[PDB]
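Q: Below are the structure tokens for one structure; questions will follow.
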Amino acid sequence: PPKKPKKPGXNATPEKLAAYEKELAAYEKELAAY
């Protein structure tokens, strides 16, 4: 099963927070595909 991306703290930078959102989106895509 696809692994959950490391959760960032509230003090995350907009770019990395957006990046995390994309990684989480990827998680959902791969989870659905699984």
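Scheme for the structure tokens: letters A, B, ... for chains in order shown; per-chain residue numbers from 1; ligand numbers from 1 in order shown.
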Would you mind listing what lies within 12 Å of residue 1 in chain A as a PyMOL selection string, with only C-alpha atoms counted and same-chain residues fewer than 4 positions away left out?
A: chain A and resi 27-28+30-34
Q: For those residues, write N, CA, C and O atoms to a file as a compact mmCIF listing (two decimals), in the first residue's frame.
A:
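As a result, result-v7.txt now contains:
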```txt
# COMPACT_ATOMS: atom_id res chain seq x y z
N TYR A 27 -1.10 10.67 -3.16
CA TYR A 27 -1.49 9.60 -2.25
C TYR A 27 -2.91 9.12 -2.54
O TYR A 27 -3.16 7.92 -2.63
N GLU A 28 -3.84 10.06 -2.70
CA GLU A 28 -5.23 9.72 -3.00
C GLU A 28 -5.35 9.01 -4.35
O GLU A 28 -6.08 8.02 -4.48
N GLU A 30 -2.97 7.28 -5.97
CA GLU A 30 -2.35 5.96 -5.87
C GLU A 30 -3.18 5.03 -4.98
O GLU A 30 -3.23 3.82 -5.22
N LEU A 31 -3.83 5.60 -3.97
CA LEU A 31 -4.69 4.82 -3.08
C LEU A 31 -5.90 4.30 -3.85
O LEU A 31 -6.29 3.14 -3.70
N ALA A 32 -6.47 5.16 -4.70
CA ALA A 32 -7.61 4.78 -5.52
C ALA A 32 -7.20 3.72 -6.54
O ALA A 32 -7.93 2.75 -6.77
N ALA A 33 -6.04 3.92 -7.14
CA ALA A 33 -5.49 2.97 -8.10
C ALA A 33 -5.17 1.63 -7.43
O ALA A 33 -5.22 0.58 -8.07
N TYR A 34 -4.84 1.68 -6.14
CA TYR A 34 -4.56 0.46 -5.39
C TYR A 34 -5.85 -0.31 -5.13
O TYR A 34 -6.04 -1.41 -5.64
```
Q: From a backbone DSSP assignment, name each residue in chain A labelled helix (DSSP H, G or I), as JSON, numbers by chain.
A: {"A": [14, 15, 16, 17, 18, 19, 20, 21, 22, 23, 24, 25, 26, 27, 28, 29, 30, 31, 32, 33]}
Q: Which residues are close to residue 21 in chain A, i.e. within 12 Å by only C-alpha atoms, leaving aside same-chain residues fewer than 2 positions away? Reply as a PyMOL selection string.
A: chain A and resi 4-8+12+14-19+23-28
Q: With N, CA, C and O atoms retained, write the just-selected residues as an mmCIF file, in the first residue's frame.
A:
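File written: part_23.cif
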```cif
data_model
loop_
_atom_site.group_PDB
_atom_site.id
_atom_site.type_symbol
_atom_site.label_atom_id
_atom_site.label_comp_id
_atom_site.auth_asym_id
_atom_site.auth_seq_id
_atom_site.Cartn_x
_atom_site.Cartn_y
_atom_site.Cartn_z
ATOM 1 N N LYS A 4 1.769 7.238 3.470
ATOM 2 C CA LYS A 4 1.359 8.618 3.710
ATOM 3 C C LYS A 4 2.577 9.528 3.758
ATOM 4 O O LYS A 4 3.568 9.209 4.417
ATOM 5 N N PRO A 5 2.528 10.662 3.048
ATOM 6 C CA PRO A 5 3.616 11.643 3.067
ATOM 7 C C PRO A 5 3.769 12.286 4.445
ATOM 8 O O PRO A 5 2.773 12.535 5.133
ATOM 9 N N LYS A 6 5.017 12.532 4.847
ATOM 10 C CA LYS A 6 5.324 13.126 6.150
ATOM 11 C C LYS A 6 4.565 14.437 6.343
ATOM 12 O O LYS A 6 4.729 15.377 5.566
ATOM 13 N N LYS A 7 3.732 14.487 7.377
ATOM 14 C CA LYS A 7 2.927 15.673 7.659
ATOM 15 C C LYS A 7 3.806 16.836 8.127
ATOM 16 O O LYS A 7 4.623 16.676 9.037
ATOM 17 N N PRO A 8 3.657 18.020 7.509
ATOM 18 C CA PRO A 8 4.383 19.221 7.917
ATOM 19 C C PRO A 8 3.696 19.930 9.084
ATOM 20 O O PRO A 8 2.498 19.739 9.325
ATOM 21 N N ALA A 12 4.497 25.642 8.027
ATOM 22 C CA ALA A 12 5.001 25.223 6.728
ATOM 23 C C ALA A 12 4.986 26.388 5.757
ATOM 24 O O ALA A 12 4.118 27.264 5.836
ATOM 25 N N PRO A 14 4.397 28.279 2.194
ATOM 26 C CA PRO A 14 3.367 28.123 1.156
ATOM 27 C C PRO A 14 3.755 27.137 0.053
ATOM 28 O O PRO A 14 2.955 26.274 -0.313
ATOM 29 N N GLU A 15 4.986 27.236 -0.452
ATOM 30 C CA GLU A 15 5.427 26.352 -1.530
ATOM 31 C C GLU A 15 5.464 24.889 -1.086
ATOM 32 O O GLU A 15 5.021 24.006 -1.821
ATOM 33 N N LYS A 16 5.967 24.629 0.120
ATOM 34 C CA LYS A 16 6.085 23.257 0.597
ATOM 35 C C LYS A 16 4.731 22.729 1.060
ATOM 36 O O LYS A 16 4.483 21.526 1.030
ATOM 37 N N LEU A 17 3.864 23.632 1.493
ATOM 38 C CA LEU A 17 2.522 23.261 1.897
ATOM 39 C C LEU A 17 1.727 22.848 0.663
ATOM 40 O O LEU A 17 1.022 21.838 0.669
ATOM 41 N N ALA A 18 1.890 23.618 -0.409
ATOM 42 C CA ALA A 18 1.289 23.293 -1.695
ATOM 43 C C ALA A 18 1.868 21.990 -2.230
ATOM 44 O O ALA A 18 1.149 21.149 -2.787
ATOM 45 N N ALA A 19 3.175 21.833 -2.061
ATOM 46 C CA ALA A 19 3.852 20.602 -2.424
ATOM 47 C C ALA A 19 3.266 19.419 -1.666
ATOM 48 O O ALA A 19 3.000 18.371 -2.255
ATOM 49 N N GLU A 23 1.479 16.047 -2.991
ATOM 50 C CA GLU A 23 1.892 14.715 -2.540
ATOM 51 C C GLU A 23 0.712 13.952 -1.931
ATOM 52 O O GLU A 23 0.579 12.740 -2.120
ATOM 53 N N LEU A 24 -0.140 14.665 -1.202
ATOM 54 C CA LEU A 24 -1.336 14.075 -0.618
ATOM 55 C C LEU A 24 -2.332 13.702 -1.718
ATOM 56 O O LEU A 24 -2.995 12.665 -1.648
ATOM 57 N N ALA A 25 -2.421 14.552 -2.738
ATOM 58 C CA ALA A 25 -3.258 14.277 -3.895
ATOM 59 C C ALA A 25 -2.772 13.020 -4.605
ATOM 60 O O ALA A 25 -3.568 12.164 -4.997
ATOM 61 N N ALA A 26 -1.459 12.923 -4.762
ATOM 62 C CA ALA A 26 -0.829 11.740 -5.320
ATOM 63 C C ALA A 26 -1.156 10.512 -4.485
ATOM 64 O O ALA A 26 -1.451 9.449 -5.023
ATOM 65 N N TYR A 27 -1.105 10.672 -3.164
ATOM 66 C CA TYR A 27 -1.491 9.600 -2.246
ATOM 67 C C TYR A 27 -2.911 9.121 -2.543
ATOM 68 O O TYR A 27 -3.156 7.922 -2.635
ATOM 69 N N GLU A 28 -3.838 10.061 -2.704
ATOM 70 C CA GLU A 28 -5.229 9.716 -3.003
ATOM 71 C C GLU A 28 -5.349 9.010 -4.354
ATOM 72 O O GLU A 28 -6.082 8.025 -4.479
#
```
